[PDB]
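Let me begin by presenting the structure, written as structure tokens, before commenting on it.
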Amino acid sequence: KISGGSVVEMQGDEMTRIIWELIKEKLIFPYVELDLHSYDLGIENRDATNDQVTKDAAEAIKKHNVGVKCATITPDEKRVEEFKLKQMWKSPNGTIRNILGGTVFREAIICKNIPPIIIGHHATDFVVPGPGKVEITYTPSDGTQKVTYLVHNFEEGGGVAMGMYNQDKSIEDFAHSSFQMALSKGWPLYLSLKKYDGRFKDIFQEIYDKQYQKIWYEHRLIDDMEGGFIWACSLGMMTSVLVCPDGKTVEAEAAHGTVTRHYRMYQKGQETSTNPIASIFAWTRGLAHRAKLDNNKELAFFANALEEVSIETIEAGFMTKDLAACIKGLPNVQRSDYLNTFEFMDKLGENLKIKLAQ
Amino acid sequence: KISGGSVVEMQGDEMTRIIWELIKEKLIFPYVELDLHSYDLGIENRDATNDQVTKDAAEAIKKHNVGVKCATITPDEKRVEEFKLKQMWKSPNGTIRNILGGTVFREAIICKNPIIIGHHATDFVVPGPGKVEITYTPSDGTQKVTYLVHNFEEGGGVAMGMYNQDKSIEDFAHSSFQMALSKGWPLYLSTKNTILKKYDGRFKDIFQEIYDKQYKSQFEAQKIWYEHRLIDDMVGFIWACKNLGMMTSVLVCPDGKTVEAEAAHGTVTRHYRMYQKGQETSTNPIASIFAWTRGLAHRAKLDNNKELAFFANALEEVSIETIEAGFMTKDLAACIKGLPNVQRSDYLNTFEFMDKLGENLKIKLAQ
Ligand SMILES: NC(=O)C1=CN([C@@H]2O[C@H](COP(=O)(O)OP(=O)(O)OC[C@H]3O[C@@H](n4cnc5c(N)ncnc54)[C@H](OP(=O)(O)O)[C@@H]3O)[C@@H](O)[C@H]2O)C=CC1
Ligand SMILES: NC(=O)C1=CN([C@@H]2O[C@H](COP(=O)(O)OP(=O)(O)OC[C@H]3O[C@@H](n4cnc5c(N)ncnc54)[C@H](OP(=O)(O)O)[C@@H]3O)[C@@H](O)[C@H]2O)C=CC1
Ligand SMILES: Cc1cc(Cc2ccccc2)n(O)c(=O)c1
């Protein structure tokens, strides 16, 4: 077995929980020995501990640099009363991002036989009750100006208004996170309201021509946009990763939800077919990041190995039903066109056993 | 020949100009008689008249309530060079939009081989540290109100105001409620109401206030409903967002009487250079055709015109079912068979297609 080392992991809810556990027992643990800081973000436990788990889990990732996360129920009223929760807790993902900062990137994992671009997403509002001047003013600390622009003069009636700002530091991190990400995967980096959308283009350049292999960075406007590039701005084939400012701390995740609908059938004892891909990839993305930070060769090969098998397995035909519908189209899918959740998992572990054997 | 009545029409530019003329020659004029208020919004005539025609065309739609626009060139520094324009004129739609007001509505066109979507600035650079604020002095001498946007203590950055008048939202509301009745589809508004509690909280309210005092009766009188939702709970209906030869844009006014319709794409300059040069092309008319069929549809609703009303639907089918039957333009061919695998014998070119559409409208109509 391999020496994986420090890894913060968070168990989640419902159908993804069940899948998460399988991923571990059938793909991870049979191959890798990890220093595993486990946190249970399952809904009943978060409620029990007053979302405290979540806070510590977050401190843990800050502290160990690697985080993989299972999907977690976010509470609304139906849920507050379904689990008889003592509060409408906030989204765990909300909590974690706050504590960590940095920027999220989503990637569709591309299986050649189904019908890659990596996209990286990145105020005071009030009501005007009636006519009057609304003016957005700026006051240096050495008060040598007093730019104050008129936003609008209301005469019609009242209305609504707001003031959005953005700090340089925060723009820099974006570009940092962006450029770094763009190196790590060796893909062209692109980035897409005069002076605002503006100063962005600026700082990127200033940081490109100062800190950053046959690869380029550029600029565009939305519409102009083969594949295979980073870009600042099925579901079970989507993978979200939070890259922090420091470029050391990473937290990976499936970009879908807890798949309640599927889980509900599971509870009825009905066969399911849930796409483990997005979840598996979150693991590998973090495990390869574990590797990079440690210079662990064996593991670094393993994470890749696992990412490989998962495509090859779908490519050799064997796949889950959501994927079966992309090919066949929902209405005309035979059972014999896909595997259920457990059979799929069985097939991976099998192909993985074998791929790792050579 | 069905009499249609008062119709404002605006001829446009380049490729779309050509298609427009065919659309009238082969599919409209042979079946419908119209009191036509034409205006030529070609770049030439617009220039030669100091964009007066555009302004006239506007005031005329305001008047007769039904405008159908052919796509028109908006000039940029480059276009000006080419045409020797005496100014870089503002977009027609921009000027048209302002005179009539209202909200635009795009509609993708479904062939088995529907969702309508309606959408709706003071930036400046913070050099270094200091304070960014926004004020509201009320015009009635009451106490001036100050909000902190943010204190920049390290570097600078950037900041910006945004605003909106009540009146504008109300208009946004009406147009959408009118739009929902017109279509027989239920309506949804999407906001960032949790984040912009005070801002979007205003849209949501106004939609509700207007829904209940004005439209709740009529919606149920059609077995449909309006509802609010947040942007992620969102992802046969009308969707109000607070923010190709198969795409139809429609300006709807709040009075719900006036309406104006046009193809969403542009003037298709590429095909047109290819056309000037004399090579065959395969431009998609459908979107343009559809401007006519909403325009007519609307007039037919306004004027209690059962015979014209039927014509419109009749045509709308024909276009759909000509594609749905394997007869199509390259862009749609390519949609099915993949750009690299499209062959000549998979599509028909601009003229040939119009013919088929022509031939079929006859048949459909003879029944
Ligand atoms: N913490 C997190 O990571 C997130 C959690 N959530 C939470 O999840 C809960 C319920 O999830 P919900 O949004 O309803 O559904 P999901 O977001 O999990 O996905 C909805 C539908 O997409 C399809 N789908 C998604 N993922 C998969 C997969 N891995 N394999 C197969 N099919 C898939 C299924 O389609 P079909 O209906 O056809 O089966 C599913 O019902 C909510 O309480 C919400 O708070 C939501 C987003 C992110
Ligand atoms: N009046 C109006 O409402 C509008 C006017 N315009 C004006 O038009 C001018 C030029 O337009 P431009 O943006 O170059 O071109 P378009 O925006 O019309 O179209 C962009 C490209 O998409 C494809 N395409 C669009 N419509 C069709 C169709 N019906 N059938 C087949 N293919 C289509 C063509 O590319 P391909 O070669 O890939 O087939 C075309 O080159 C601009 O100066 C602009 O001001 C633009 C938008 C709206
Ligand atoms: C310049 C301009 C263009 C359009 C049409 C348009 C063209 C391309 C993308 C979107 C919309 N409209 O409507 C305007 O008001 C102004």
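Identifiers in this document derive from the order of the structure tokens: chains are assigned A, B, ..., residues are numbered from 1 separately in each chain, and ligands are numbered from 1 in order of occurrence.
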Per residue of chain A within 6 Å of ligand 1, what are the shortest atom pair and its distance in Å to one decimal, counting only C-alpha atoms and all ligand atoms, with rows by chain and residue number, as CSV?
```
residue,atom,partner,partner_atom_place_in_ligand_line,distance
A:71,CA,ligand 1,3 (O),3.6
A:72,CA,ligand 1,1 (N),3.7
A:73,CA,ligand 1,45 (O),4.1
A:74,CA,ligand 1,45 (O),3.4
A:235,CA,ligand 1,25 (C),4.9
A:236,CA,ligand 1,29 (N),3.7
A:256,CA,ligand 1,17 (O),4.6
A:257,CA,ligand 1,18 (O),3.0
A:258,CA,ligand 1,8 (O),3.9
A:259,CA,ligand 1,18 (O),3.2
A:260,CA,ligand 1,10 (C),4.7
A:261,CA,ligand 1,41 (O),4.9
A:262,CA,ligand 1,39 (O),5.8
A:274,CA,ligand 1,30 (N),3.7
A:275,CA,ligand 1,30 (N),3.4
A:276,CA,ligand 1,29 (N),5.5
A:322,CA,ligand 1,31 (C),5.6
```
(request) For chain A, list the residues within 10 Å of chain B, counting only C-alpha atoms, and write the list as a PyMOL selection string. (result) chain A and resi 123-143+145-171+193-200
>> Residues contacting ligand 3 - anything with an atom at most 12 Å away, using only C-alpha atoms and all ligand atoms - can you give me those as a PyMOL selection string?
In response: (chain A and resi 222-224) or (chain B and resi 69-76+88-98+101+103-106+119-120+244+247-251+261-268)
Take the residues from that selection and write them out as a short mmCIF file (atom, residue, chain, number, x, y, z; two decimals), in the first residue's frame, keeping N, CA and C atoms.
```
data_model
loop_
_atom_site.label_atom_id
_atom_site.label_comp_id
_atom_site.auth_asym_id
_atom_site.auth_seq_id
_atom_site.Cartn_x
_atom_site.Cartn_y
_atom_site.Cartn_z
N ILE A 222 -17.16 38.22 -24.01
CA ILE A 222 -17.94 36.99 -23.87
C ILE A 222 -18.13 36.14 -25.15
N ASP A 223 -18.63 36.78 -26.21
CA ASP A 223 -19.20 36.06 -27.38
C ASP A 223 -18.19 35.31 -28.27
N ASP A 224 -17.01 35.91 -28.46
CA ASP A 224 -15.96 35.39 -29.34
C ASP A 224 -15.65 33.91 -29.09
N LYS B 69 -39.72 44.33 -37.81
CA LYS B 69 -38.44 44.91 -38.19
C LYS B 69 -37.60 43.88 -38.84
N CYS B 70 -37.03 44.23 -39.99
CA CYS B 70 -35.96 43.47 -40.60
C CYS B 70 -34.63 43.91 -39.98
N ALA B 71 -33.69 42.98 -39.81
CA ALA B 71 -32.44 43.29 -39.11
C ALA B 71 -31.66 44.38 -39.80
N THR B 72 -31.09 45.29 -39.02
CA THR B 72 -30.36 46.43 -39.57
C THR B 72 -28.96 46.63 -38.99
N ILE B 73 -28.04 47.00 -39.88
CA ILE B 73 -26.68 47.37 -39.53
C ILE B 73 -26.59 48.45 -38.46
N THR B 74 -25.92 48.13 -37.35
CA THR B 74 -25.49 49.16 -36.42
C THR B 74 -24.04 49.54 -36.76
N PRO B 75 -23.78 50.84 -37.01
CA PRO B 75 -22.45 51.16 -37.49
C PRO B 75 -21.42 51.25 -36.37
N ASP B 76 -20.20 50.87 -36.70
CA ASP B 76 -19.04 51.15 -35.86
C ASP B 76 -18.03 51.84 -36.75
N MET B 88 -21.61 58.16 -36.90
CA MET B 88 -21.73 56.79 -36.43
C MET B 88 -23.07 56.79 -35.73
N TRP B 89 -24.10 56.34 -36.44
CA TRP B 89 -25.46 56.48 -35.95
C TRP B 89 -25.75 55.46 -34.91
N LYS B 90 -26.55 55.83 -33.92
CA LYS B 90 -27.01 54.87 -32.92
C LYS B 90 -27.88 53.77 -33.55
N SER B 91 -27.90 52.61 -32.92
CA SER B 91 -28.74 51.53 -33.40
C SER B 91 -30.16 52.02 -33.51
N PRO B 92 -30.85 51.56 -34.55
CA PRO B 92 -32.28 51.74 -34.75
C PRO B 92 -33.07 51.21 -33.57
N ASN B 93 -32.81 49.97 -33.17
CA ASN B 93 -33.51 49.35 -32.05
C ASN B 93 -33.34 50.14 -30.76
N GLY B 94 -32.17 50.76 -30.61
CA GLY B 94 -31.85 51.59 -29.46
C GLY B 94 -32.78 52.77 -29.41
N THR B 95 -32.90 53.45 -30.55
CA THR B 95 -33.80 54.62 -30.70
C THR B 95 -35.27 54.19 -30.66
N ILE B 96 -35.59 53.13 -31.40
CA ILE B 96 -36.90 52.51 -31.33
C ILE B 96 -37.25 52.12 -29.90
N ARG B 97 -36.32 51.48 -29.20
CA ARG B 97 -36.58 51.00 -27.85
C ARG B 97 -37.00 52.16 -26.96
N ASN B 98 -36.25 53.25 -27.03
CA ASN B 98 -36.47 54.39 -26.15
C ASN B 98 -37.79 55.12 -26.33
N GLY B 101 -40.49 52.23 -25.21
CA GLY B 101 -40.31 51.62 -23.90
C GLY B 101 -40.49 50.12 -24.02
N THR B 103 -40.31 45.74 -22.65
CA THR B 103 -39.33 44.65 -22.49
C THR B 103 -39.30 43.67 -23.68
N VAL B 104 -38.09 43.28 -24.05
CA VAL B 104 -37.85 42.39 -25.19
C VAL B 104 -38.02 40.94 -24.76
N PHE B 105 -38.36 40.05 -25.69
CA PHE B 105 -38.58 38.65 -25.34
C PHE B 105 -38.09 37.69 -26.42
N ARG B 106 -37.03 36.94 -26.12
CA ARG B 106 -36.50 35.94 -27.04
C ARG B 106 -37.17 34.58 -26.92
N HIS B 119 -35.08 39.50 -20.25
CA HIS B 119 -34.20 40.25 -19.35
C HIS B 119 -34.81 41.59 -18.99
N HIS B 120 -34.03 42.66 -18.90
CA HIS B 120 -34.61 43.91 -18.42
C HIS B 120 -34.46 45.10 -19.36
N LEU B 244 -30.19 29.93 -33.97
CA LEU B 244 -29.95 31.37 -34.19
C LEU B 244 -30.90 31.94 -35.25
N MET B 247 -34.43 32.05 -33.58
CA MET B 247 -34.54 32.90 -32.41
C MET B 247 -35.30 34.17 -32.78
N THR B 248 -36.35 34.46 -32.03
CA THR B 248 -37.28 35.57 -32.30
C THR B 248 -37.43 36.55 -31.13
N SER B 249 -36.91 37.76 -31.29
CA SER B 249 -37.03 38.75 -30.23
C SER B 249 -38.30 39.57 -30.41
N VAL B 250 -38.96 39.91 -29.31
CA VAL B 250 -40.18 40.69 -29.39
C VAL B 250 -40.28 41.70 -28.28
N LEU B 251 -40.22 42.96 -28.67
CA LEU B 251 -40.50 44.05 -27.75
C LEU B 251 -41.99 44.08 -27.44
N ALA B 261 -41.71 43.15 -33.39
CA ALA B 261 -41.16 41.81 -33.56
C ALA B 261 -40.04 41.76 -34.56
N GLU B 262 -38.95 41.07 -34.21
CA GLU B 262 -37.82 40.88 -35.12
C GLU B 262 -36.95 39.66 -34.84
N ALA B 263 -36.31 39.16 -35.90
CA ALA B 263 -35.35 38.08 -35.81
C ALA B 263 -34.20 38.51 -34.89
N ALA B 264 -33.75 37.58 -34.05
CA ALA B 264 -32.74 37.87 -33.04
C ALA B 264 -31.34 38.05 -33.61
N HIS B 265 -31.00 37.27 -34.64
CA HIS B 265 -29.69 37.36 -35.29
C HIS B 265 -29.53 38.67 -35.98
N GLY B 266 -28.37 38.85 -36.61
CA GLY B 266 -28.05 40.11 -37.26
C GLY B 266 -28.39 40.16 -38.73
N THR B 267 -27.62 40.93 -39.47
CA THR B 267 -27.85 41.09 -40.90
C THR B 267 -27.14 40.04 -41.77
N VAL B 268 -26.44 39.12 -41.10
CA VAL B 268 -25.74 37.98 -41.73
C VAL B 268 -24.78 38.44 -42.83
#
```
Identify all residues of segment 131-294 of chain A in helix (DSSP H, G or I) (DSSP on the backbone) and supply them as an MDAnalysis selection string. chainID A and resid 168:184 194:211 222:224 260:268 277:294
Exercise. Could you give me, as a PyMOL selection string, the residues within 12 Å of residue 323 of chain B, counting only C-alpha atoms and dropping anything in the same chain fewer than 2 positions from it?
Key: chain B and resi 109-113+246+284-286+316-321+325-333+335-336+346-348+353-354+356-357+360
**OP:** Would you list, as a PyMOL selection string, the residues of segment 25-76 of chain B that end up in strand (DSSP E) under DSSP run on this structure's backbone?
**Re:** chain B and resi 32-40+66-69
For the residues in the current selection, export N, CA, C and O atoms as a PDB file, in the first residue's frame.
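Okay, this is what ended up in selection.pdb:
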```pdb
ATOM      1  N   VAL B  32     -52.222  37.883 -48.067  1.00  0.00           N
ATOM      2  CA  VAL B  32     -52.664  38.948 -47.186  1.00  0.00           C
ATOM      3  C   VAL B  32     -52.562  40.340 -47.821  1.00  0.00           C
ATOM      4  O   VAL B  32     -51.590  40.677 -48.499  1.00  0.00           O
ATOM      5  N   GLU B  33     -53.616  41.117 -47.597  1.00  0.00           N
ATOM      6  CA  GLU B  33     -53.708  42.502 -47.997  1.00  0.00           C
ATOM      7  C   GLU B  33     -53.492  43.307 -46.751  1.00  0.00           C
ATOM      8  O   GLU B  33     -54.116  43.038 -45.717  1.00  0.00           O
ATOM      9  N   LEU B  34     -52.620  44.307 -46.856  1.00  0.00           N
ATOM     10  CA  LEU B  34     -52.227  45.097 -45.696  1.00  0.00           C
ATOM     11  C   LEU B  34     -52.178  46.583 -45.965  1.00  0.00           C
ATOM     12  O   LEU B  34     -51.726  47.000 -47.028  1.00  0.00           O
ATOM     13  N   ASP B  35     -52.623  47.377 -44.996  1.00  0.00           N
ATOM     14  CA  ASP B  35     -52.341  48.814 -45.027  1.00  0.00           C
ATOM     15  C   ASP B  35     -50.922  49.075 -44.504  1.00  0.00           C
ATOM     16  O   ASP B  35     -50.704  49.350 -43.307  1.00  0.00           O
ATOM     17  N   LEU B  36     -49.965  49.003 -45.421  1.00  0.00           N
ATOM     18  CA  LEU B  36     -48.587  48.888 -45.042  1.00  0.00           C
ATOM     19  C   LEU B  36     -47.909  50.223 -44.771  1.00  0.00           C
ATOM     20  O   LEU B  36     -47.810  51.073 -45.657  1.00  0.00           O
ATOM     21  N   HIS B  37     -47.436  50.395 -43.541  1.00  0.00           N
ATOM     22  CA  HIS B  37     -46.600  51.537 -43.225  1.00  0.00           C
ATOM     23  C   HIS B  37     -45.137  51.146 -43.293  1.00  0.00           C
ATOM     24  O   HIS B  37     -44.502  50.886 -42.256  1.00  0.00           O
ATOM     25  N   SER B  38     -44.596  51.082 -44.516  1.00  0.00           N
ATOM     26  CA  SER B  38     -43.157  50.838 -44.759  1.00  0.00           C
ATOM     27  C   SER B  38     -42.254  52.030 -44.408  1.00  0.00           C
ATOM     28  O   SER B  38     -42.675  53.196 -44.459  1.00  0.00           O
ATOM     29  N   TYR B  39     -41.010  51.719 -44.051  1.00  0.00           N
ATOM     30  CA  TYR B  39     -39.977  52.693 -43.752  1.00  0.00           C
ATOM     31  C   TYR B  39     -38.750  51.913 -44.084  1.00  0.00           C
ATOM     32  O   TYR B  39     -38.666  50.728 -43.755  1.00  0.00           O
ATOM     33  N   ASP B  40     -37.821  52.540 -44.790  1.00  0.00           N
ATOM     34  CA  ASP B  40     -36.613  51.845 -45.184  1.00  0.00           C
ATOM     35  C   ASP B  40     -35.514  52.187 -44.195  1.00  0.00           C
ATOM     36  O   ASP B  40     -35.006  53.301 -44.191  1.00  0.00           O
ATOM     37  N   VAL B  66     -48.342  47.782 -34.226  1.00  0.00           N
ATOM     38  CA  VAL B  66     -47.702  46.557 -34.698  1.00  0.00           C
ATOM     39  C   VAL B  66     -46.517  46.841 -35.620  1.00  0.00           C
ATOM     40  O   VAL B  66     -46.693  47.272 -36.761  1.00  0.00           O
ATOM     41  N   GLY B  67     -45.309  46.596 -35.134  1.00  0.00           N
ATOM     42  CA  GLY B  67     -44.131  46.773 -35.972  1.00  0.00           C
ATOM     43  C   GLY B  67     -43.418  45.469 -36.268  1.00  0.00           C
ATOM     44  O   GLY B  67     -43.273  44.631 -35.376  1.00  0.00           O
ATOM     45  N   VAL B  68     -42.974  45.281 -37.509  1.00  0.00           N
ATOM     46  CA  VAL B  68     -42.132  44.131 -37.826  1.00  0.00           C
ATOM     47  C   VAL B  68     -40.856  44.664 -38.431  1.00  0.00           C
ATOM     48  O   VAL B  68     -40.910  45.393 -39.425  1.00  0.00           O
ATOM     49  N   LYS B  69     -39.721  44.333 -37.810  1.00  0.00           N
ATOM     50  CA  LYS B  69     -38.444  44.912 -38.195  1.00  0.00           C
ATOM     51  C   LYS B  69     -37.595  43.876 -38.841  1.00  0.00           C
ATOM     52  O   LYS B  69     -37.464  42.778 -38.317  1.00  0.00           O
TER      53      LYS B  69
END
```
Write out as a list in words which residues come within 9 Å of segment 295-311 of chain B when counting only C-alpha atoms, dropping same-chain ones fewer than 6 positions away.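 Non-adjacent residues within range: residues 2, 3, 4, 5, 6, 7, 31, 32, 65, 66, 67, 68, 182, 257, 258, 259, 260, 261, 262 and 365 of chain B.
Once residue 348 of chain A and its same-chain neighbours fewer than 3 positions away are set aside, residues 23, 26, 27, 306, 309, 310, 311, 312, 313, 314, 318, 319, 342, 343, 344, 345, 351, 352, 353 and 354 of chain A remain within 10 Å of it when counting only C-alpha atoms.
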